[PDB]
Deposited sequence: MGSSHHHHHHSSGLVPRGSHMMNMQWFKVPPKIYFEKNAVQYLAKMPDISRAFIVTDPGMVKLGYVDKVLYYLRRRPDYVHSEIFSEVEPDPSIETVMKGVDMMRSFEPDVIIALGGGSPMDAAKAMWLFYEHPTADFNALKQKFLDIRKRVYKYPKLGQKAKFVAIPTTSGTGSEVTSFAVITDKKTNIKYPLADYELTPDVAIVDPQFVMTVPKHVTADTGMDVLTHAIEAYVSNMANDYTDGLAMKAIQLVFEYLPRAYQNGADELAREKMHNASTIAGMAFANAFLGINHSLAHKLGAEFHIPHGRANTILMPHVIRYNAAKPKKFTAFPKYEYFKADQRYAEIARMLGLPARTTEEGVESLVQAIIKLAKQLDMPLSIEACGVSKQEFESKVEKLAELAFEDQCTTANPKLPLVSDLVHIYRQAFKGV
């Protein structure tokens, strides 16, 4: 009946936070996990530069062959290199893919006695307050360095790896995979194109709102989630209109992590469940799908359940702090909805599934399937109210019309 709050014990941020790698104690062998993109932009060179500046010599190995939605094959390939190389630090540089991929290798590197076939079956129960295999004695430290703003994976214990010969998406639980250090350096976000600045920027906002109305929300996550929401409405338009705006980028990158610290402990809701499946089926970007769904999900969650429920009031708290009309809970909710629609328009994002290129026959033929899968999504468990599959169908249909 108790609750817990967990984050990386050290988060370094502001520009050139990456320079900590020149100061970080007790590291002689670094295993860098990333993708070809970060290598292309010389971001890996940036990391290696500060390791060279250490008084003692540092041997480094690079693992760049990481694909979106990392597979087990990719993981075990990395583990094999790690076991021969034996790093005392693992540096995950990139988006959610290299982050989750690196976390997975870290697990099997530290626990050679672990089997993936076993992990496939055991599921993440978000009611549990202790890891079966927590961090006790590890041979390598884990440093997360996100390059988007963002997934906030640099503060979570969540690692997901796809199977391919099945294609089921498996979250890895029982093992504690929270990074030892998170380096939130905005210099890595400077180059992000504007249409994904908008996508990733709205996922941060979705993470924070969902974390705030989650049935796991607490005093510790509430303040962080609220702050994240504030920062997005303040600087995401600026970051979009001008990606050279250093202040706007610094704020969004922090908001991404702060939103992460909230949902790492409070989890999410059906918005991500609905977006997971909608985006995988029609190849719609994650944050783009979240924006289309948000107006309709908030209205559903705000609807007092058929009959202690507070989701409607909590949505109004966000409006009230945003300085929006919330004299009553009902209008406060709709104010928040309208603010999000305005923002979405500023970022030139679609506001319907139909606007994305999806037919109405292509959609109606898949809606029952996605609704059922969405319900099955782990994130549904933390939604302020457990929905019927029919509730998710209705939301999807409203989302197709748009708003």
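Residues of the deposited sequence lacking C-alpha coordinates, numbered from 1, fall in the stretches 1-22, 330-337.
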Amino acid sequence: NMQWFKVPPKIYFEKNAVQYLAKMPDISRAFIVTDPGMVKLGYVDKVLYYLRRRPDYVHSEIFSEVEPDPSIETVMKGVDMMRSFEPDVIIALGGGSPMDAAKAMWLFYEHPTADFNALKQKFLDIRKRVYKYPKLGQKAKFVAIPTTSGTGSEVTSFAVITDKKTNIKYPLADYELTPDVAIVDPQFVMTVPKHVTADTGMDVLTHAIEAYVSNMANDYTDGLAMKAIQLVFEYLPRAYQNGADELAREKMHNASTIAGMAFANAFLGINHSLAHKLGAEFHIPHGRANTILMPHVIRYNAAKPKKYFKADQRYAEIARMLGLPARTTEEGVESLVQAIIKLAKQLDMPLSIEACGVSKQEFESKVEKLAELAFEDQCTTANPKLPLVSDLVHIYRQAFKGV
From here on, numbers count along this sequence of modelled residues.
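Judged by mean Cα B factor in the deposited record, 276-284 ranks above the other of 256-264 and 276-284.
Comparing the deposited coordinates for 93-101 and 212-220, the stretch with the larger average C-alpha B-factor is 93-101. Per the deposited coordinates, the residue with the largest Cα temperature factor out of 251, 141, 227, 306 is 306. Among 232, 289, 183, 159, the highest C-alpha B-factor recorded in the PDB entry belongs to 159. Ranked against the other modelled residues of its chain, the C-alpha B-factor of residue 81 as given in the entry falls in the middle third. For residue 385, the recorded CA temperature factor ranks within the middle third of the chain's modelled residues. In this PDB entry, the Cα temperature factor of residue 239 sits in the middle third of its chain's modelled residues. Residue 124 sits in the highest third of its chain by CA B factor, as recorded in the PDB entry. Among the modelled residues of its chain, residue 57 has a C-alpha B-factor that falls in the highest third according to the deposited record.
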